[PDB]
Amino acid sequence: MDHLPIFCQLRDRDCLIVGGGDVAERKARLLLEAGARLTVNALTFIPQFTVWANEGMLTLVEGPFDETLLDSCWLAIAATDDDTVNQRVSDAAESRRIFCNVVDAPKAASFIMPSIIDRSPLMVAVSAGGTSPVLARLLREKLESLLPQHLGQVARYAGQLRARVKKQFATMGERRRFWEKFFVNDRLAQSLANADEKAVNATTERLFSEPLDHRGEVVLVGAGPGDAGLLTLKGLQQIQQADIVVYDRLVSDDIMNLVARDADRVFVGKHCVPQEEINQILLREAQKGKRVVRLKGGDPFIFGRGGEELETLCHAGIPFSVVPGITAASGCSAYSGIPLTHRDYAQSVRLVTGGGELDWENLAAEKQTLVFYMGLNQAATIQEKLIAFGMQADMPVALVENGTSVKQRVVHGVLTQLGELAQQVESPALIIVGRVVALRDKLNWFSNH
Amino acid sequence: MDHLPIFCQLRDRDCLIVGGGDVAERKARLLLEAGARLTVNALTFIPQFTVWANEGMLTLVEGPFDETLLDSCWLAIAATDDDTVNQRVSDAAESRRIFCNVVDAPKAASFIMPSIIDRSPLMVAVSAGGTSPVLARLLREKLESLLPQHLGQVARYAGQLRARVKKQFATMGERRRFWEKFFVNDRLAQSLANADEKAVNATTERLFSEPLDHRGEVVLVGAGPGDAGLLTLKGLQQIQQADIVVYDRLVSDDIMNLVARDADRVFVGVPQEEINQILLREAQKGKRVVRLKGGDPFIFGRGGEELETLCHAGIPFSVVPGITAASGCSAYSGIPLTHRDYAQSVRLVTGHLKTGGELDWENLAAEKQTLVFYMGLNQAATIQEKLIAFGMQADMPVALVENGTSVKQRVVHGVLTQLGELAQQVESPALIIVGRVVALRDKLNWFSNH
Ligand SMILES: Nc1ncnc2c1ncn2[C@@H]1O[C@H](CSCC[C@H](N)C(=O)O)[C@@H](O)[C@H]1O
Ligand SMILES: Nc1ncnc2c1ncn2[C@@H]1O[C@H](CSCC[C@H](N)C(=O)O)[C@@H](O)[C@H]1O
Ligand SMILES: [Cl-]
Ligand SMILES: [Cl-]
């Protein structure tokens, strides 16, 4: 082992940074977050240091390095651009047995600053001893995506339930299984973060009361339009914790590859399935005590029938939550170079589905961006009706097929060509009508296929 | 943060353990592996301390605590079962400004020892500060199952190449590019694990020979409406690797906590072409620039304007969509934007227009839609009067969602004839939702009522 990681308590302890530029500022922000009683000594200071000083958050000492500034110090950081100054700092700290980091020279000093993932009280630190700072960064990024934002509040609450857990679960078998359900419960972590103190006491009692086996709940998760990079952090966290994942055709294979190895999968796409059967599967699986994730393409509440699936659960007393996703309109817009709004082009964006019938005079009005979902089959009618109701024949149009995916295809033109531009694509595809479509020739950045 | 993690270099540095039982034995093994010059001071010692002392690996001082043994020390560990003695050690260490761990009292004294995942030279340390040892152990086990066992060989080889990388690549941008390729090459990792030096050298020589794009870039990133969990995975990647992040007031503090600590931050919460110049400015200097925008970049965010300069200015760019306020406020208020036959259209509408343009109220008042007004608080009374005048039913439900998706989220709701009054109960940022779907909140609301 090259270095020993320790987690220092710095609250109100004297620490010293030498240097007053951007590098020193980053280290100072870190030590302030840890509560250090901070002095910064430098020949000159960038303005953020005087802001902090005037706010009484640290002390500044302007001038050359004064090794007596270390006399009461617990940690030192040499953060200047001057190798000679940094070695003077490093030597003075060493003679005083003060752990010291030289920012530009990790093996020149007595401690290295790792990458940090802060979920205080829970903390994770990554370092390769200076051999691989980019790898430490790549691991830090992975860990930030995996650890829920409010995990620390759960951790603090856990330590307060320590003794109570021991007495109702004598066997360490059952006991750890409880903690496994506890650090995973969404209503608890939410009630804590939102300071909803009666839900915390409620969910606490429900966690103890219901059988240890049971963790029945349904999370509706928006998978986004296809690119697995467009899943939300929380959506990834939820699919990693699921006992069973219920999904359909519009959830991309790339998203499904992120689903936990041990999760049961239930495919409800597809000859066709009624929504009521899907509703009952969610009900049936949650009633067995499973943590259920219902993965839906795009956003669950935009033409996804997410509401219908949750009203079945509200009847049965099954807890649920919703993780929004990137709807097809947002994803296709970003990846085709067609902003849904721009300057004065559109006062409104309309997301419309292709029962009555569409209000064609309403759809034809000026200063809109129209986005048709499930409209390929009525495309020929859309062209004829918009033309008949006064939309200018030179209005730009675009179709985006498999938006955000590696096989995305975008075709475009004006409105008088829409009907047979639509033959050149298949589902899933969006139709975008409006002046913003012309911006594609300037803003297109994604590969076209 | 509760603690500051640091990785200490203990080679040939004096450390002191007080105590000589099983706890002290565990901690002594750690400090010996780190190369410490170790003294152990205890009334009695378990047999392993004899094995170590006979091999010359540490010094035993058999007897009560001698605080002068701290005089040359860099770290102290109090590992007895006597709380009076442990406190004497911690008091003596504190007077000398020596970081001290009291093993059975994490809240006392000045450092705690984390759980370690070892991929030397790569190491990952985990701790909950003694608050939840079970969570630390659970988290430690998943990190083990995520870090390949050969990652240490990859990091070892990187350290051996660092001097060559600094010599051959003039700029930090080029060196970073090299490492980003180096650390994801699966064949190189396999060749290192197999000690196949022929294959290692072949891949390495090709990596050194590749052109590296000196281009700075601009990425527009949708931060989402506030909950940091609603950042996209790709959006997190961008802000964790950015050189400079340009952000504004509608990006939440929690999202800014995910920006790389070494990134510079530029706040622009300021006219629009002022922002445009900053982006082009910083990208022309070869930096990875992220424009981090509330919600989605291309929905009432002026993202189009921010990009239209860079096309002929020769600067590459890309766009990462985000959760727009309508989608986030919908999910977190229990108000789906569509449902059954309630809405044929969702309309995202701006509430503030050009100094001469006005909304098409006849168009907005039509049935079977969900209206969502962005930046419309100041016009709420006008929205009520106009929607009523163009035929919307007086009892149409409405809701205002303030700071949607954040822990401070507030929702007020009523009917259209109350919209003006309801809007005075909230402040920016808030969304106005108008439509029959608002009545689903009583059944679908899961997040809070504040
Ligand atoms: N990747 C994609 N590219 C283009 N259109 C897509 C798409 N994914 C879904 N769609 C559109 O969405 C329709 C299904 S309705 C489901 C919409 C989903 N809830 C969402 O928020 O996006 C398809 O017919 C198609 O018009
Ligand atoms: N968290 C939030 N809660 C409610 N409204 C929000 C919000 N964040 C942004 N908004 C709305 O968005 C307006 C700014 S316009 C920026 C919108 C952004 N591009 C997006 O896609 O959401 C605000 O005036 C407010 O109406
Ligand atoms: Cl490193
Ligand atoms: Cl802990």
Side-chain angles (χ1 to χ4, degrees), chain A residues 1-9 122-125 127 162 172 176, chain B residues 3 5-11 13-62 65 69-70 73-83 85-90 93 98-120 123-141 143-144:
Chain A
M1 190 188 274
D2 201 37
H3 294 255
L4 181 84
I6 65 173
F7 284 19
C8 295
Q9 177 52 260
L122 173 68
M123 300 191 62
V124 179
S127 184
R162 253 186 277 193
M172 196 107 93
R176 294 182 309 253
Chain B
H3 296 85
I6 69 176
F7 281 57
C8 298
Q9 175 55 254
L10 297 185
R11 190 77 42 180
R13 296 192 157 103
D14 292 348
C15 300
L16 178 65
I17 293 172
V18 183
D22 283 354
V23 173
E25 197 270 353
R26 284 179 47 251
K27 301 291 184 276
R29 203 170 280 282
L30 264 307
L31 298 184
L32 285 180
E33 291 164 10
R37 190 179 306 123
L38 181 61
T39 302
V40 181
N41 179 199
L43 293 176
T44 54
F45 299 93
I46 60 174
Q48 177 64 59
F49 284 104
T50 291
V51 169
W52 280 328
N54 288 354
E55 294 164 7
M57 305 193 52
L58 44 69
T59 300
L60 297 194
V61 172
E62 181 162 358
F65 174 50
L69 291 172
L70 290 164
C73 283
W74 293 72
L75 289 178
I77 299 174
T80 85
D81 302 304
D82 191 314
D83 292 357
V85 172
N86 288 340
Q87 265 153 48
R88 263 201 93 166
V89 175
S90 64
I98 300 165
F99 280 109
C100 182
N101 173 233
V102 179
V103 185
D104 64 9
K107 303 181 96 129
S110 51
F111 83 92
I112 59 171
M113 195 56 216
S115 307
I116 298 164
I117 298 100
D118 198 315
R119 303 284 186 268
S120 166
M123 309 180 52
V124 177
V126 185
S127 181
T131 70
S132 172
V134 47
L135 169 71
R137 164 181 21 270
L138 294 170
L139 188 43
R140 188 213 179 272
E141 287 286 57
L143 300 190
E144 288 277 3

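Computation of the quantities below employed the complete heavy-atom set of this structure, encompassing side-chain atoms and omitting hydrogens, waters and symmetry-equivalent molecules. Below, chains carry the letters A, B, ... as their sequence lines are ordered, and counting in each starts from 1.
- No salt bridge links B/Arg29 with B/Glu33; every basic N to acidic carboxylate O contact stays at or beyond 4.0 Å.
- Looking at heavy atoms from C-beta onward, B/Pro133 lies in side-chain contact with A/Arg162 at the 4.5 angstrom threshold.
- Of all heavy-atom pairs spanning B/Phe49 and B/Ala28, the tightest one is CE2-CB, 3.9 Å.
- When all heavy atoms of B/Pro106 and B/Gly129 are compared, the closest pair comes out as CB-O, 3.9 Å.
- A distance of 15.5 Å separates CG in B/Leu38 from CZ in B/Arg13, rounded to the nearest 0.5 Å.
- Heavy-atom contacts from other residues, nucleotides or ligands closer than 6.0 Å to CZ of B/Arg140 number more than 12.
- A donor-acceptor pair is defined here as one N or O able to donate and one able to accept, closer than 3.5 Å; no such pair exists between the side chain of B/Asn101 and the backbone of B/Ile77.
- Interatomic distance, A/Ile6 CD1 to B/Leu10 CG, rounded to the nearest 0.5 Å: 7.5 Å.
- Side chains of B/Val102 and B/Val89 form no contact here, defined as non-hydrogen atoms less than 4.5 Å apart.
- Side-chain contact check for B/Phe65 versus B/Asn41: some heavy-atom pair is nearer than 4.5 Å.
- Counting all heavy atoms, side chain and backbone alike, B/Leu70 lies closest to B/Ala76 at CD2-CB, 3.6 Å.
- Of all non-hydrogen atoms in B/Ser110 and B/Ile98, the two that sit nearest each other are OG-O, 4.0 Å.
- B/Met123 is listed as a side-chain neighbour of A/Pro5, based on a closest heavy-atom distance under 4.5 Å.
- Interatomic distance, B/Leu31 CG to B/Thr39 OG1, rounded to the nearest 0.5 Å: 11.0 Å.
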Exercise. Can you check side-chain contact (heavy atoms from CB on, under 4.5 Å) on B/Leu69 and B/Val18, steps first, answer last?
Worked result: CA-CA 10 Å; B/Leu69 291 172; B/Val18 183; over 6 Å; no
For this session: Go through B/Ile116 and A/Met1 one step at a time and tell me if the side-chain contact (heavy atoms from CB on, under 4.5 Å) criterion holds.
Result: CA-CA 11 Å; B/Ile116 298 164; A/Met1 190 188 274; 3.8 Å; yes
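- Note that CD of B/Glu55 is 11.0 Å distant from OG1 of B/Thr50, once rounded to the nearest 0.5 Å.
- At least one side-chain heavy atom of B/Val126 sits under 4.5 Å from a side-chain heavy atom of A/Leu122.
- Within a 6.0 Å radius of CG in B/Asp82, other residues, nucleotides and ligands contribute more than 12 heavy atoms.
- Here the straight-line distance linking atom CG of B/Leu58 with atom CG of B/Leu32 works out to 5.5 Å at 0.5 Å rounding.
- Counting only heavy atoms from C-beta outward, the side chains of A/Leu4 and B/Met113 approach each other to under 4.5 Å.
- Between B/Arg137 and B/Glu141, no side-chain nitrogen of the basic residue sits less than 4.0 Å from a carboxylate oxygen of the acidic one, so the salt-bridge criterion is not met.
- Of all heavy-atom pairs between B/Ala93 and B/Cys100, the closest is CB-CB, 3.7 Å.
- The aromatic rings of B/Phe99 and B/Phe111 stand perpendicular to each other, their planes meeting at an angle above 60°, with 30° marking the opposite boundary.
- Here CG of B/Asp14 is found 9.5 Å from CG of B/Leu16. Values are rounded to the nearest 0.5 Å.
- Taking every heavy atom of both residues into account, B/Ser127 and B/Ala136 meet most closely at CA-CB, 4.4 Å.
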